[PDB]
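Engineer:
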Amino acid sequence: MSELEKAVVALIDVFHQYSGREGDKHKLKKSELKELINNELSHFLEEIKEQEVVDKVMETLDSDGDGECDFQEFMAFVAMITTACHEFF
Amino acid sequence: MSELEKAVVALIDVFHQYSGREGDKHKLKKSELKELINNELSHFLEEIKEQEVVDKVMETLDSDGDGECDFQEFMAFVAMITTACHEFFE
Ligand SMILES: CCN(CC)C(=S)S
Ligand SMILES: CCN(CC)C(=S)S
Ligand SMILES: [Ca+2]
Ligand SMILES: [Ca+2]
Ligand SMILES: [Ca+2]
Ligand SMILES: [Ca+2]
Numbered sequence: 000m001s002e003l004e005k006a007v008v009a010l011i012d013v014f015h016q017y018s019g020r021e022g023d024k025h026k027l028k029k030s031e032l033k034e035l036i037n038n039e040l041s042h043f044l045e046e047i048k049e050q051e052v053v054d055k056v057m058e059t060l061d062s063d064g065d066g067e068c069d070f071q072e073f074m075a076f077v078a079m080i081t082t083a084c085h086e087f088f
Numbered sequence: 000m001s002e003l004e005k006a007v008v009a010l011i012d013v014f015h016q017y018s019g020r021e022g023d024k025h026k027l028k029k030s031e032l033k034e035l036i037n038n039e040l041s042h043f044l045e046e047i048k049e050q051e052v053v054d055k056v057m058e059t060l061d062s063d064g065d066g067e068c069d070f071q072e073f074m075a076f077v078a079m080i081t082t083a084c085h086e087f088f089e
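If you read the sequences in order, they're chains A and B.
As numbered in PDB author numbering, residues 0 to 88 make up the first sequence, in order.
As numbered in PDB author numbering, residues 0 to 89 make up the second sequence, in order.
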């Protein structure tokens with residue numbers, strides 16, 4: 000597989016791992032989203048150390064009101080990050 | 000890098016690999032898009048060999064109408080591909 004294909008796989012893999020920890024196995028609850036950001040985006044985003052930060056991040060990502068981040072919403076988050084990086088440079 | 004950070008960097012790098020080839024170096028024109036797909040998505044998508052298909056794929060991705068695929072449009076393309084992959088293993 001190409002680097003682009005490996006990237007696509009990485010995206011579905013990391014989501015599956017974190018979303019599958021608790022509750023709805025196809026969505027990220029707050030604790031799951033928090034750990035994904037802290038463990039997997041530590042070089043891009045400041046570490047989350049306040050519950051009010053996780054609350055605000057979920058509020059931003061959650062567009063259908065289940066209080067969770069589904070795959071579509073996670074993809075929007077990834078696009079936000081990749082764009083912010085494409086713009087940082 | 001974490002696998003996710005690697006993925007983010009790869010997306011940026013592959014886009015610039017191809018977008019820089021010709022023309023504007025910040026958008027994918029049809030020929031740039033065609034070979035990104037044929038070379039870098041050869042395991043996920045059928046190889047493009049017609050003009051009609053190059054045309055239709057660009058028509059689909061070109062949300063702002065300028066005839067090229069910019070980074071935001073490319074990210075939407077990637078979102079399409081990844082979502083299809085996710086719906087599959089699920
Ligand atoms: C400067 C950090 N940036 C995100 C704001 C990335 S490393 S792409
Ligand atoms: C072709 C299936 N592939 C699995 C590696 C994805 S769509 S990620
Ligand atoms: Ca979950
Ligand atoms: Ca949601
Ligand atoms: Ca270009
Ligand atoms: Ca366009």
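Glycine included, each C-beta is placed from N, C-alpha and C at the ideal position.
In chain A, which residues lie less than 8 Å from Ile80/B when you measure between Cβ atoms?
Structural biologist: To locate residue 80/B, count along the second sequence from 1; it is residue 81. Near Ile80/B (Cβ distances below 8 Å), the residues of chain A are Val7.
Engineer: Quick test of your reading: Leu27/B and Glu67/B, contact by CB under 8 Å. State the CB separation rounded to the nearest angstrom.
Structural biologist: Within the second sequence, numbered from 1, the residue matching residue 27/B stands at position 28. Within the second sequence, numbered from 1, the residue matching residue 67/B stands at position 68. That pair is a contact at about 6 Å.
Engineer: As a quick check of your reading: which residues have a C-beta less than 6 Å from at least one non-hydrogen atom of ligand 2, in chain order?
Structural biologist: Qualifying residues, in the order they occur: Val7/A, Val8/A, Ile11/A, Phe43/B, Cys84/B, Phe87/B.
Engineer: Hey, does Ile47/B have any beta-carbon neighbour from chain A nearer than 8 Å?
Structural biologist: Taking the second sequence and counting its residues from 1, one reaches residue 47/B at position 48. Not an interface residue.
Engineer: Any beta-carbon of chain A closer than 8 Å to the one on residue 96/B?
Structural biologist: The structure shown has nothing for residue 96/B, since chain B only spans 0 to 89.
Engineer: Among residues of its own chain, excluding the 5 on either side of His42/B, which ones have a beta-carbon nearer than 6 Å to its beta-carbon?
Structural biologist: What you label residue 42/B is simply residue 43 of the second sequence in a count that begins at 1. Counting only Cβ-Cβ distances below 6 Å, and skipping sequence neighbours, we find nothing.
Engineer: Short of 8 Å in beta carbon distance, which residues of its chain neighbour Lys24/A, apart from the five on each side in sequence? Order them along the chain.
Structural biologist: Within the first sequence, residue 24/A is the residue found at index 25, counting from 1. Within the same chain, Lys24/A has close Cβ partners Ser18.
Engineer: Which of helix, strand or coil does DSSP assign to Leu40/A?
Structural biologist: On the first sequence, position 41 is the one that residue 40/A refers to. Three-state DSSP puts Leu40/A in coil, outside helix and strand.
Engineer: Does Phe87/A pass the burial test, meaning 16 or more other C-beta atoms within 10 Å, or should it be called exposed?
Structural biologist: Here residue 87/A is taken as the residue at index 88 of the first sequence, counted from 1. Classification of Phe87/A: exposed, given that the 10 Å Cβ count is below 16.
Engineer: Threshold first: 4 residues or longer. Then list the alpha helix (DSSP H) segments lying entirely within the segment 4-63 of chain A, N to C.
Structural biologist: As far as the segment 4-63 of chain A is concerned, its whole alpha helix (DSSP H) runs of at least 4 residues are 29-39, 50-60.
Engineer: Residues in the same chain with beta-carbon distance under 8 Å from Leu60/B, minus the five sequence neighbours each way, listed in chain order, please.
Structural biologist: The residue labelled residue 60/B in the question sits at position 61 within the second sequence. Excluding residues within five positions, the ones whose Cβ falls inside 8 Å are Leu32, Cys68, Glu72, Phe73, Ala75, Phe76.
Engineer: Against chain B, does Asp61/A count as a neighbour if the rule is that its beta carbon must be under 8 Å from one of theirs?
Structural biologist: Here the question's residue 61/A lines up with position 62 in the first sequence. Chain B, which has no Cβ nearer than 8 Å to the Cβ of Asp61/A, makes this no.
Engineer: Can you pull out the residues from the segment 20-47 of chain B whose beta carbon lies closer than 9 Å to at least one beta carbon of chain A?
Structural biologist: The residues in question are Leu35, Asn38, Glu39, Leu40, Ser41, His42, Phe43.
Engineer: Pull up the distance between the alpha-carbon of residue 116/A and that of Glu39/B, whole angstroms please.
Structural biologist: Because chain A spans 0 through 88 in this model, residue 116/A falls outside it and cannot be assessed.
Engineer: From the DSSP output, read off the bridge partner residues of residue 153/B.
Structural biologist: Within the shown structure, residues of chain B are numbered from 0 to 89, placing residue 153/B beyond reach of any answer.
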